[PDB]
Amino acid sequence: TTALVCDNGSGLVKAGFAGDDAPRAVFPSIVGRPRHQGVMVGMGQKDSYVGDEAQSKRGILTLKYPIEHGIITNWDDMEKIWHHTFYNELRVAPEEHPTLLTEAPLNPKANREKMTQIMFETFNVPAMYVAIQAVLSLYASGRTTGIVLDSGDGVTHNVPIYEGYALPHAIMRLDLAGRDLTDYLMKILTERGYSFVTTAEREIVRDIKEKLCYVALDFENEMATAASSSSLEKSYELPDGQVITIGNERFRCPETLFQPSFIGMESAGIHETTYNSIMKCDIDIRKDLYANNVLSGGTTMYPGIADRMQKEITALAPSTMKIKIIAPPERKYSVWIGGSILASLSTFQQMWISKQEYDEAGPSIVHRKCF
Amino acid sequence: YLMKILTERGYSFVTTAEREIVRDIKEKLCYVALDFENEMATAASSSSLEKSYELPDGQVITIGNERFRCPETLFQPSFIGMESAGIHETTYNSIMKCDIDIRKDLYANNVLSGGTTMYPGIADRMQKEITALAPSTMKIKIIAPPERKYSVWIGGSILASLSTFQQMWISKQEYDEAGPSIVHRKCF
Amino acid sequence: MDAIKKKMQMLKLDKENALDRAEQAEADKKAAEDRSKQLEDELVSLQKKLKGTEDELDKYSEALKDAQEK
Amino acid sequence: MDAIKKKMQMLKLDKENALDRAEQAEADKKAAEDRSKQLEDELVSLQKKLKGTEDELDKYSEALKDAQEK
Amino acid sequence: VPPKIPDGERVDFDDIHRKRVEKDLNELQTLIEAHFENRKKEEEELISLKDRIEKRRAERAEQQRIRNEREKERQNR
Ligand SMILES: Nc1ncnc2c1ncn2[C@@H]1O[C@H](COP(=O)(O)OP(=O)(O)O)[C@@H](O)[C@H]1O
Ligand SMILES: [Mg+2]
């Protein structure tokens, strides 16, 4: 049998069988209950529309994500999402398939502890393994060295790896991610008159962000240019018409990644925290990390980030070293590709956390040698 | 390191304003264990070490084995990835570098200072580690005055009051004649 | 269309690989040239030293006859 | 269309530019390496004759001291 | 203690070829085939069918004109 590489993530659950190249099912991780009463009877009314159903009938629902920033804060909703994924999207009984869950680094222990408890008690999987989302991203690229910035939708984490030896003291984690960019875009869209408040309209704002926004190679020059001419004014259509025009808000939304002073965050941007983490490592491996900087995660898929980040790092980095940014076109599904690669290796088959070990040693087995 | 390991429980401090809060927590709760392995085993089974603290807006936190794991770094710098040995072996190495005749006196007259040596329970861990390293027959004494924080300034105040010290100062004329590099000369 | 996008990405991949190869080759060529120039420098200094030694051997040989007449 | 076509042509032109530049760089690197090897072998023999010259100068100075001190 | 991974043999960065080069040509060729077949199936048939429906519409217009005129001729009193 083959194992299920399930990467719940935060924002888009991606699932598929091991040994494949693309996930079988990708769907938003939202749980939306109705808020009105409902008068028609016999309509086959459900009490909680989850998965991709909540994106089609979002008008009469209150969409509520179960994962805020990497950690899980609504256990029942996440359990419902796992149930829907296993039984309704793939139609495979979990009792005869191992699972490979993914977790952001530096998360509280309770998250992985409860994840293992749920996986072994409710779903009754044979054996489950928890992996960090950056080593998998490095696995997918086919390389074995480099510093990967896996800017997901709930958290942005930057992990360096050299010759397969992880450096636990050089990991940089920031809570600025795609969700905060969506919120900031929704906030700055109020300056032109467009007012979005309802949680269902955040999906419309996110679609606008995906289809329109881009990262300028230079912020000040582009903002000075666009504030005079009208070459950047792009039009977009809402799900009911009412065509809207976006001007200099087009590149102010994703510039928050490199300049977090906009939303009040103290920390530096993703262009400087990467270099700062590089400076934390040993002095003899900085050249390889310079030459093998890897981009991954959905939030790093904006058009024009592989040039802005490279320019900023080259400005910061010493003149002699050569800066290279490896950004494969399929960055969004990189984590699941790495997971599928990992699950298909024969050497890895001995690292599954078997049920007997959990029964003998309790839920804390994940923290021990069985990573 | 304490701010980094506090994320393992649920509390996240990032902005530089909260580093003072973490510093205060470290000053107020941390303590150095006499023996690390058995204490770590006990703290993971019993519940007598978990202590609570009040943040400046409410929201009390409960720190368990992080009390004695943050100051443990001083005696085991492999936590932060540093190469060198702990402070219990650096002292012995600096002693052994000295001549063979004055090792006994340094063994019997070890002195502690500095603010970070104010942790409750460091003078005994240091004594035990040095006894483990140093030859068994020699007597080992660790001096820990109650006023460790101000020991340097008290020494400076004593030095500035001496009569023989009155000619050691750098006269402004000497600086005007030789420039700022006067400090490196015999006039320290 | 769409297959245009795929073809364009493939060609960009090829360009990336070619430019990387060119950069690496240029760097190595520079390094080898520096090594060769250092070798030539030391060869000429070697000739200078050998010439000085041969000069002083010749002068010493000139002093040999003064020795045997003394 | 016109823009995508010409962009593709330009991309391939740039890629081939990188390729030919790399070829020239590699050939020059090989030439520099052969030059360095030949300089090394010349240097070795010149060092050998240098050692012989210094030894003979040593014996010559010994003889000069022998005779002039008699 | 942190987990210790048992030592294996190989490999990495050698599946990038077998997962990239495949779709580098097969995907492009297959999508070109799909576009060609879809255009051939769709555009010409749609234009021909629209012309056919237009001719039928013109014939309906002629029938409507004839019937309207004859009924107006009779009913005009
Ligand atoms: N094509 C795109 N352009 C810009 N942003 C995108 C694009 N696709 C996804 N995103 C952003 O990335 C997020 C999805 O990130 P993802 O990698 O799925 O997170 P996770 O790590 O939880 O899977 C979305 O919320 C969206 O804001
Ligand atoms: Mg992710």
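Don't worry about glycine lacking a Cβ; one is built from the backbone with ideal geometry, like all the others, and counts go over all protein chains shown. Bear in mind that the values in this text are calculations on the coordinates, not laboratory data.
Computed quantities for the displayed model
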{"read-out": "Matching option when the condition is over 30 Å from B:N65 (Cα atoms) and hydrophobic (A, V, I, L, M, F, W, C), among A:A131, A:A140", "value": "A:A140"}
{"read-out": "Pairs, first away from chain B (no Cβ under 14 Å) and at positive phi in segment A:281-307, second part of a loop (DSSP other than H, G, I, E, B) and within 16 Å of ligand 1 (Cβ to nearest atom), C-beta under 9 Å, six or more apart", "value": "A:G297/A:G152; A:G297/A:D153; A:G297/A:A177; A:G297/A:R331; A:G297/A:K332; A:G304/A:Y214; A:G304/A:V215; A:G304/A:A216"}
{"read-out": "Top-ranked residue of segment A:282-296 - restricted to ones that are away from ligand 1 (no atom under 16 Å from the Cβ) and not in a loop (DSSP other than H, G, I, E, B), ranked as nearest to B:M82 (Cα to Cα)", "value": "A:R286"}
{"read-out": "Residue satisfying condition, being free of Cβ contacts under 8 Å to residues at least 12 places away in the same chain and away from ligand 2 (no atom under 16 Å from the Cβ), within set A:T190, A:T144", "value": "A:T190"}
{"read-out": "Selection status of A:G38, surrounded by 13 or more Cβ atoms within 10 Å (Cβ to Cβ) and either away from every other protein chain (no Cβ under 14 Å) or more than 16 Å from ligand 2 (Cβ to nearest atom) (or both)", "value": "no"}
{"read-out": "Unique match (being under 17 Å from A:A140 (Cα atoms) and away from ligand 2 (no atom under 16 Å from the Cβ)) among A:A327, A:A343", "value": "A:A343"}
{"read-out": "Single residue of segment A:203-220 satisfying the filter (more than 10 Å from ligand 1 (Cβ to nearest atom) and surrounded by 18 or more Cβ atoms within 10 Å (Cβ to Cβ)) that is nearest to the chain's Cα centre (by Cα)", "value": "A:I208"}
{"read-out": "Any hit, segment A:246-256, residues being within 24 Å of A:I208 (Cβ to Cβ) and part of a strand (DSSP E or B)", "value": "yes"}
{"read-out": "Hits in segment A:100-114 (condition: free of Cβ contacts under 8 Å to residues at least 60 places away in the same chain and either among the hydroxyl-bearing types (S, T, Y) or within 16 Å of ligand 2 (Cβ to nearest atom) (or both))", "value": "A:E103, A:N107, A:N111"}
{"read-out": "Number of the exception - A:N74 against (1) away from ligand 1 (no atom under 16 Å from the Cβ); (2) within 24 Å of A:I204 (Cα to Cα); (3) surrounded by fewer than 16 Cβ atoms within 10 Å (Cβ to Cβ)", "value": "(1)"}
{"read-out": "Residues located in segment A:281-324, provided they are among the hydroxyl-bearing types (S, T, Y) and within 16 Å of ligand 2 (Cβ to nearest atom)", "value": "A:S296, A:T299, A:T300, A:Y302"}
{"read-out": "Residues that are within 16 Å of ligand 2 (Cβ to nearest atom) and farther than 18 Å from A:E103 by Cα, drawn from segment A:11-24", "value": "A:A22"}
{"read-out": "Candidate set from segment A:25-35 (those that are away from ligand 2 (no atom under 16 Å from the Cβ) and surrounded by 21 or more Cβ atoms within 10 Å (Cβ to Cβ)); member that is farthest from the other protein chains (Cβ to nearest Cβ)", "value": "A:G32"}
{"read-out": "Lone qualifier among A:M279, A:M223 - being under 27 Å from the mean Cα position of the chain (by Cα), of a type in the set (A, V, I, L, M) and in a helix (DSSP H, G or I)", "value": "A:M279"}
{"read-out": "Filter result (over 26 Å from E:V1 (Cβ atoms) and basic (K, R)) within segment B:8-66", "value": "B:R19, B:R23, B:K28"}
{"read-out": "Some residue of segment D:10-24 being touching a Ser or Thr at 6+ places or on another chain (Cβ under 9 Å) and either free of Cβ contacts under 8 Å to residues at least 12 places away in the same chain or within 30 Å of C:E16 (Cβ to Cβ) (or both)", "value": "no"}
{"read-out": "Condition check for A:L181: within 14 Å of chain E (Cβ to nearest Cβ), within 13 Å of ligand 1 (Cβ to nearest atom) and either touching a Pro at 6+ places or on another chain (Cβ under 6 Å) or part of a helix (DSSP H, G or I) (or both)", "value": "no"}
{"read-out": "Top-ranked residue in segment C:1-57 [being hydroxyl-bearing (S, T, Y) and in contact with a helix residue (DSSP H, G or I) (Cβ under 7 Å, 6 or more places away or on another chain); ranked as nearest to A:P328 (Cα to Cα)]", "value": "C:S36"}
{"read-out": "Count of residues meeting criterion [at the interface with another protein chain (Cβ under 9 Å from one of its Cβ atoms) and not in a helix (DSSP H, G or I)] in segment A:345-366", "value": "3"}
{"read-out": "Any hit, segment C:11-32, residues being within 7 Å of chain D (Cβ to nearest Cβ) and either farther than 30 Å from A:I325 by Cα or of a type in the set (S, T, Y) (or both)", "value": "no"}
{"read-out": "Condition met for A:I188 (away from chain E (no Cβ under 14 Å), more than 14 Å from the chain's Cα centre (by Cα) and farther than 24 Å from A:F27 by Cβ)", "value": "yes"}
{"read-out": "Residue match in segment A:117-129 (condition: within 16 Å of ligand 2 (Cβ to nearest atom) and either farther than 19 Å from A:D359 by Cβ or over 24 Å from the mean Cα position of the chain (by Cα) (or both))", "value": "no"}
{"read-out": "Members of segment B:171-185 that are among the hydroxyl-bearing types (S, T, Y) and surrounded by 11 or more Cβ atoms within 10 Å (Cβ to Cβ)", "value": "B:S171, B:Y175"}
{"read-out": "B:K186 at negative phi, in contact with a helix residue (DSSP H, G or I) (Cβ under 6 Å, 6 or more places away or on another chain) and part of a loop (DSSP other than H, G, I, E, B)", "value": "no"}
{"read-out": "Residue within segment A:146-163 that is away from ligand 1 (no atom under 15 Å from the Cβ), away from every other protein chain (no Cβ under 11 Å), touching an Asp or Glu at 6+ places or on another chain (Cβ under 7 Å) and assigned to a strand (DSSP E or B) present", "value": "yes"}
{"read-out": "Failed item in (1) within 14 Å of chain E (Cβ to nearest Cβ); (2) within 14 Å of ligand 1 (Cβ to nearest atom); (3) assigned to a loop (DSSP other than H, G, I, E, B), with A:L176 passing the rest", "value": "(1)"}
{"read-out": "In segment D:38-64, the residues that are charged (D, E, K, R) and at the interface with another protein chain (Cβ under 9 Å from one of its Cβ atoms)", "value": "D:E40, D:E42, D:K49, D:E54, D:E56"}
{"read-out": "Flag for E:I16 being facing another protein chain (nearest Cβ under 10 Å) and closer than 30 Å to B:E37 by Cβ", "value": "no"}
{"read-out": "Breaking point among (1) part of a helix (DSSP H, G or I); (2) surrounded by 10 or more Cβ atoms within 10 Å (Cβ to Cβ); (3) among the charged types (D, E, K, R), for E:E73", "value": "(2)"}
